Every structure is written in structure tokens, then in C-alpha cells.
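1. just the structure for this:
(2 chains)
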Amino acid sequence: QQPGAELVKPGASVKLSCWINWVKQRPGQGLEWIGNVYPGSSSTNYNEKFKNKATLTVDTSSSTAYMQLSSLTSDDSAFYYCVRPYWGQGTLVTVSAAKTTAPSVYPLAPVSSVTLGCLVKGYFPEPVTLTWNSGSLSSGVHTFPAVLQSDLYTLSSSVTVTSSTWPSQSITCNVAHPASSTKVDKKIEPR
Amino acid sequence: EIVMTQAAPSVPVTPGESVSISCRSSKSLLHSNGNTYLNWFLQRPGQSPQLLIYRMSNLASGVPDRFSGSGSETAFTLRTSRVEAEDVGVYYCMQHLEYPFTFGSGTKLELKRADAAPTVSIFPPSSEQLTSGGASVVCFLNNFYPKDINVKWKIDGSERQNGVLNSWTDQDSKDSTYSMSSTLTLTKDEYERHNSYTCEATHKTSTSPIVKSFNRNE
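-> Numbering: from 1, shown residues only, chains lettered A, B, ... in the order given. Sure, structure below:
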């Protein structure tokens, strides 16, 4: 288990938490093995390219592995996963000077099936997690990649169900924004 | 360090058909201990990779017996028999024989299915966004195939091209279709000075567009 996001300023450093391997992946790209550490004897092993970037210093008291990134650049913005072959959830590091902003979350109601949506606008940094009815509704859901506009992200999601079951059987869009520790559960209501 | 190569960045396949993703290492991954240290992973949009095969040919626990890896000491082949929509994603090969471990470039599996026209839905700004002075009009073009699609917005009969944000999903793991969202953002001041708002989708499946509109005064 690792945190969802970390908005580190350019030049600043960041201490990320978790045989503990570490993999880097820039959104939309492939993966790079950064290095395997060993809590048993604090036996850290680095990839040359990162040897000077990260430090796999563990912790017996917390019983958690760590990796630190010093003086970050937008080239460091990426997903960092800490795998044991147990893959962690990864932390999305966003090396930017911009500040955190929680999303506004708006219900998208219309006007044999019906389509409702959720618009998540004006947040920074990424990511956001979106589910419908806390995950109970998954079959007719589409979630669109966020698009960066004026230093802010906007995302949307649609869900389609049998027309006779809405609004009779409630539908709520759940959005979590890790960077701001905020969540919004917006019920879709008839206009 | 060892260089892992996957000649194909993508490979199509008919649902229910077999396919093979090839990969190669610049060095032999067959360790004297008799084990060929090569892994295979599948990565789905927004999900951490997941092992499918380990030690060159061992099927991972929980993994269906449809996947299996074979290959010499430097040439590997992942085969998927009777592919399912659920298999779309990007497949990687990895060597962990020597440090530093290295990955192939990934081969995206693309399912080829029957063409389908998009279902278009248009949504006016919510009352909440309007209270805050913004006015986003959203149009969803869902479950179409092939991937290419064009959207055109009109306001009071005139085409509008600025203020539009478009986003596409990766291929659907349930039905192998694509979907696209198009959002026209105006300020409330402007949104309140026009009446007609129109979303037009033009897709391969037809030379006639699918049009959805609403009138703010309707």
C-alpha cells in the first residue's frame, strides 16, 4: 500500500512509502526497474540511471519500505510502484509548481436504457478515482481520461442502465481526489 | 544491461482467435540453474501490471490456462488461445536474470470486432455549475467501432470549435468498443445568451451524422 498522489515542487524532494523492487512508469509509457532494496540488511541495490536519484531506505519499526527522490523535474512526474511479486497501488508523482485544487463534481442528468454522467472539473494534480454506487454499478460505465486545461484537469464518466430503473433505483457518482484528501458522493437527480 | 525487444507495438486479433506476442533479449536468459528468467505481464488502463507467466513458461496462479509462454534462450512467444475482450491491454516481457532488470516495449493487443455506430447523449450544465458561473455542455459518443470519430458542436446554428475538450477511452474490456467524451465549456454569461446547443457525431458506420441538441428555453 502506497499513497495515491504527491505534488512535489520542482527542485524539491519527496519521500515515498510502501526484496522490495521499485518500478517507474510515466503515464502512457512503459516501465523501468529502479532498484531492489532489502529491509533484512538494509541492502539497497540501484539502477545506474537512478543511483543518484533515489535511495531505497527501509524501516523496521514501521515495517515499510521507502524510496526517496531528490530535486525533482517534470521528467520525474510519474507512477511509482513498490512491488514485493506483490504490486503496490503506486503513487502518482506530479513534479509541478502549481497548487492542489479539489474538483468540483457535477451531476449530469438527461435533458430502453438511460445514460447519466458525472463531470469532475477544475482539479490538480491527478489522479481522481471514480465509481458509481460505490462500485456496485460497473457494467455500463465509461470513464474518460482527464484532459489538462489551463493548469487544471477535467474528467467525466458516464453510466448507462435500463431506463425503468432510474430515478427509481438511485444512482450516485463517487469521486475521490487523493491529493486533496477529499471525496464527493453526488446523487444524480432528475432535472 | 540486457535489451528486451518486442518488434510489434500492437497486434490485432479476432475474438475467439489465437495470437502470439514475440519478444527477444540481447542475451540468453537461461541461467545455469536451468531456469529461463523471463516474465510476462498484462497491464490494463489504470491498473498495476499483473504477472501471467514466470520463469519463461510458468502460468501464474489465478491466471487462465489460455495464456502460455514458450521460446528459445533469446526468442520468446506468448500465445493467447481464444482471446476474450477482457484480454485487451498491453503485454510486456521482462528479464530478471541480471541487474538491472529490463522490460520490453509492450505490445498492445487490439481486438477486431464488428463496426458499431455511437450512442450519443447530450447534457446541459447542472444547476450547481451554473451557480458558480460556469457552463459546461457535455456530449458522450459511446460504444462505437472503429476508433476514429469526429464531433462537431453548434451554438444557435453556428459551428463552434474553441472551448471544446475531447477525451477517448482505451478499448472496452467488455465489448471491445470505444467511447469519446466531448465537453464545450462556456462561462454562464455566454451560455445564457444563446438558445440552441448541438452535438454532431460523424462515424465510419454512416455518412449521416448522429445529432443531439437541446434548447435552453425548451
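
2. grab the nearest non-local neighbour of the residue sitting nearest the centre point of chain A.
-> Centroid-nearest residue in chain A, with C-alpha atoms, centre = their mean: residue A:127, separated by 3.8 Å. With C-beta to C-beta, 6 or more residues apart in numbering or on different chains as the measure, residue A:92 is the residue that lies nearest to residue A:127, at 5.3 Å, once sequence neighbours are left out. The way it works is simple: take the backbone N, C-alpha and C, and place the C-beta from them, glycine included.

3. how about residues contacting the helix or strand containing that neighbour?
-> Counting by DSSP states H and E, the element that carries residue A:92 is strand A:91-93. Outside strand A:91-93, the residues that touch it by C-beta atoms under 8 Å, 6 or more residues apart in numbering or on different chains are A:2-6, A:8, A:14, A:16, A:27, A:69, A:72, A:76-80, A:125-127.

4. partner strands of that strand and their direction?
-> strand A:5-6 (parallel), strand A:78-83 (antiparallel) (DSSP bridges).

5. how does chain B divide up, domain by domain?
-> B:1-113, B:114-216 (curated CATH domains).

6. also chain A?
-> A:1-97, A:98-188.

7. tell me how far the ends of the longest one are from each other?
-> Spelled out, it's domain A:1-97. Terminal residues of domain A:1-97 lie 26 Å apart, using C-alpha to C-alpha, to the nearest Å.

8. distance from that domain to the middle of the chain?
-> Distance of domain A:1-97 from the chain centroid (C-alpha atoms, centre = their mean, to the nearest Å) equals 15 Å.

9. can you show me the helices along chain B?
-> Counting by DSSP state H, chain B has helices at residues B:127-131, B:188-191.

10. for the longest one, output the C-alpha coordinates as CSV.
-> Same thing as helix B:127-131. Below are the C-alpha coordinates for helix B:127-131, written out as CSV (Å, rounded to 0.1, in the frame of the first residue of the first chain):
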residue,chain,number,x,y,z
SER,B,127,-27.7,23.9,-11.7
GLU,B,128,-24.7,23.6,-9.4
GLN,B,129,-22.1,24.6,-12.0
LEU,B,130,-24.3,27.5,-13.1
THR,B,131,-24.5,28.8,-9.5
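
11. picking that back up, redo the domains of chain B as a markdown table? Include distance to chain A and mean neighbour count.
-> Formatted as a markdown table, the domains of chain B follow (distance: least, C-beta to the nearest C-beta, whole Å; neighbours: other C-beta atoms under 10 Å in any protein chain shown):
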| stretch | distance to chain A | mean neighbour count |
| --- | --- | --- |
| domain B:1-113 | 4 | 17 |
| domain B:114-216 | 4 | 18 |
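
12. possible to save the ones you listed as JSON lines with distance to residue A:120?
-> As requested, the domains of chain B are arranged in JSON lines below (distance: least, C-beta to C-beta, whole Å):
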{"stretch": "domain B:1-113", "distance to residue A:120": "15"}
{"stretch": "domain B:114-216", "distance to residue A:120": "11"}
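
13. ok, which of those domains comes nearest residue A:62?
-> When the domains of chain B are compared by C-beta to C-beta, domain B:1-113 sits nearest residue A:62, at 21.7 Å.

14. ends of that closest one, what's the gap?
-> 40 Å.

15. likewise for stretch B:111-121?
-> Start-to-end, stretch B:111-121 (C-alpha to C-alpha) is 26 Å.

16. neighbouring contacts of it?
-> Taking C-beta under 8 Å, 6+ apart as the rule, stretch B:111-121 contacts A:110, A:115, A:117, A:158, A:160, B:12-15, B:83, B:85, B:87-88, B:139-146, B:149, B:171, B:175-177, B:179-180, B:199, B:201, B:203-206, B:210-212.

17. need the distance between the two termini of stretch B:23-35.
-> 17 Å.

18. about what we covered before: just the buried ones out of the contacts of strand A:91-93, please.
-> Applying 16 or more other C-beta atoms under 10 Å in any protein chain shown to these, the neighbour count classes A:2, A:4-6, A:8, A:14, A:16, A:69, A:72, A:76-80, A:125-127 as buried.
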